[PDB]
Amino acid sequence: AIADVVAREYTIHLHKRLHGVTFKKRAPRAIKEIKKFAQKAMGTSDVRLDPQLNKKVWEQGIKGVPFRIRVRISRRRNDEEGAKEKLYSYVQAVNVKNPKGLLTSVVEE
RNA sequence: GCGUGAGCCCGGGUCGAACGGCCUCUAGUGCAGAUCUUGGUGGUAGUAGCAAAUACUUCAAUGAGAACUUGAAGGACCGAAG
Ligand SMILES: [Mg+2]
Ligand SMILES: [Mg+2]
Ligand SMILES: [Mg+2]
Ligand SMILES: [Mg+2]
Ligand SMILES: [Mg+2]
Ligand SMILES: [Mg+2]
Ligand SMILES: [Mg+2]
Ligand SMILES: [Mg+2]
Ligand SMILES: [Mg+2]
Ligand SMILES: [Mg+2]
Ligand SMILES: [Mg+2]
Ligand SMILES: [Mg+2]
Ligand SMILES: [Mg+2]
Ligand SMILES: [Mg+2]
Ligand SMILES: [Mg+2]
Ligand SMILES: [Mg+2]
């Protein structure tokens, strides 16, 4: 019985998703993979990436995407009256030096 | 419906201002071709294709509608015979 408004932290293993893709498409493909990951995790289909997360993805150039990335995905209410979906997932990067050895963890203020 | 035939006449529809039969006279008088002339239109066919010049991404604004509008941020190229 997970409440709509919920936030978790995940480790996305981007290495196995970007394995073998064209160098000029590595970072955009990682962006799309992050969006798809949030879609699968929160069942929301409306995913918004933090510009800090975009900076973290593009930090090492177009083909230097990190093997793992620690993110926080927060499913929250879309209050816009014209919204086709009632919920959206906003995903940002977690301030950690390395993402190794971390489990999926629920986060609450 | 008539004529072997070229054709002729009528019914119905559309349409809107002229036209026909008979005897003579006259000719720029009869088309499937000429890689014919001009114009229009097909199959091919939603097909060939839209692949040189390294490359785009996130958020926001605008807007009926945004990859190729703009702002910010990031990532890149031209690399002083630019
Ligand atoms: Mg390969
Ligand atoms: Mg009149
Ligand atoms: Mg003639
Ligand atoms: Mg002809
Ligand atoms: Mg002939
Ligand atoms: Mg012609
Ligand atoms: Mg043609
Ligand atoms: Mg094609
Ligand atoms: Mg070509
Ligand atoms: Mg193409
Ligand atoms: Mg090109
Ligand atoms: Mg608007
Ligand atoms: Mg472009
Ligand atoms: Mg060069
Ligand atoms: Mg250079
Ligand atoms: Mg000089």
Side-chain angles (χ1 to χ4, degrees):
Chain A
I2 300 309
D4 299 7
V5 200
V6 64
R8 298 191 198 89
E9 274 167 14
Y10 303 81
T11 299
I12 304 177
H13 191 193
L14 288 176
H15 194 201
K16 64 160 157 153
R17 291 172 174 81
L18 297 181
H19 177 85
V21 296
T22 304
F23 284 145
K24 291 291 185 182
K25 278 149 189 164
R26 287 259 172 155
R29 169 93 178 246
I31 288 302
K32 282 162 145 122
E33 288 310 302
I34 286 161
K35 281 183 160 143
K36 160 165 177 222
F37 180 98
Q39 201 276 309
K40 183 178 179 180
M42 293 291 168
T44 182
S45 64
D46 179 14
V47 181
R48 306 168 194 186
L49 315 190
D50 190 39
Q52 301 283 156
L53 173 66
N54 186 66
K55 262 212 268 208
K56 185 109 189 174
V57 171
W58 282 86
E59 199 196 346
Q60 273 84 36
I62 196 154
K63 55 179 177 178
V65 187
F67 294 152
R68 286 170 166 82
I69 174 148
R70 187 72 177 172
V71 298
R72 175 188 290 180
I73 310 183
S74 295
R75 189 171 61 202
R76 31 176 80 151
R77 207 145 254 131
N78 194 342
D79 54 5
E80 299 284 332
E81 53 269 42
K84 183 178 179 180
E85 296 83 44
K86 293 179 179 179
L87 294 178
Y88 80 87
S89 83
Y90 179 81
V91 296
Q92 49 215 322
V94 175
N95 192 31
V96 284
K97 288 299 183 288
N98 75 344
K100 302 275 290 296
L102 301 172
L103 303 176
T104 287
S105 85
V106 189
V107 169
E108 164 71 303
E109 307 294 336

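Below, all heavy atoms of this structure are taken into account, side chains as well, without hydrogens, waters or symmetry copies. So you know, we letter chains A, B, ... as the sequences are listed, proteins then strands, and number each from 1.
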Can you tell me the base-pairing partner of [N]? Count Watson-Crick or G-U wobble geometry only, both distances below 3.5 Å, and say none if there is no partner.
{"N": "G74(B)", "result": "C56(B)"}
{"N": "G20(B)", "result": "none"}
{"N": "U41(B)", "result": "none"}
{"N": "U26(B)", "result": "none"}

>> Holding to ring pair (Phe, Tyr, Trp, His ring centres under 6.0 Å), I want the full list of residues that pass it with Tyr10(A), two or more places apart in sequence or in another chain.
In response: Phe37(A)
> With the threshold set at 4.0 Å, does a side-chain nitrogen-carboxylate oxygen contact exist between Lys55(A) and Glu59(A)?
Replying inline: no
>> Under a 4.0 Å threshold between the charged nitrogen and the carboxylate oxygen, would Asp4(A) count as salt-bridged to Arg75(A)?
In response: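 No, this pair does not count.
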>> Hydrophobic clustering (ILVMFWY, side-chain heavy atoms < 4.5 Å, transitive) - are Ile2(A) and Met42(A) grouped together?
In response: yes
> For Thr11(A), which residues count as a side-chain hydrogen bond (donor to acceptor under 3.5 Å, both in side chains) partner, sequence neighbours excluded?
Replying inline: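 Result, side-chain hydrogen bond (donor to acceptor under 3.5 Å, both in side chains) vs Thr11(A): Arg70(A).
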> Taking the nucleotide of RNA chain B with the closest heavy atom to each, which residue, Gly61(A) or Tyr90(A), is nearer the 5' end?
Replying inline: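 The 5'-side residue here is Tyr90(A).
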Identify the pairs formed between an N or O of the protein and an N or O of nucleotides 63-70 of chain B at a distance under 3.5 Å, and give each distance.
none

My parser flags sugar pucker from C1'-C2'-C3'-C4'; what should it report for [N], north or south?
{"N": "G79(B)", "result": "south"}
{"N": "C59(B)", "result": "north"}
{"N": "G30(B)", "result": "south"}

Identify the pairs formed between an N or O of the protein and an N or O of nucleotides 77-79 of chain B at a distance under 3.5 Å, and give each distance.
none

>> From the set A73(B), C59(B), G75(B), return the single nucleotide nearest to any side-chain atom of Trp58(A).
In response: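 Minimum distance to the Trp58(A) side chain belongs to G75(B).
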Could you go over nucleotides 51-54 of chain B and give all protein N or O partners under 3.5 Å, atom names and distances?
| residue | atom | partner | partner atom | Å |
| --- | --- | --- | --- | --- |
| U54(B) | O2' | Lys24(A) | NZ | 2.9 |
| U54(B) | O2 | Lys24(A) | NZ | 3.1 |

Distance-only donor-acceptor hits, side chain of residues 85-105 of chain A, under 3.5 Å, sequence neighbours excluded:
| residue | atom | partner | partner atom | Å |
| --- | --- | --- | --- | --- |
| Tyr90(A) | OH | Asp50(A) | OD1 | 2.5 |

> Looking across every strand, which nucleic acid part, if any, lies under 4.0 Å from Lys35(A) by heavy atom: base, sugar-phosphate, or nothing?
Replying inline: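 Result for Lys35(A) = sugar-phosphate.
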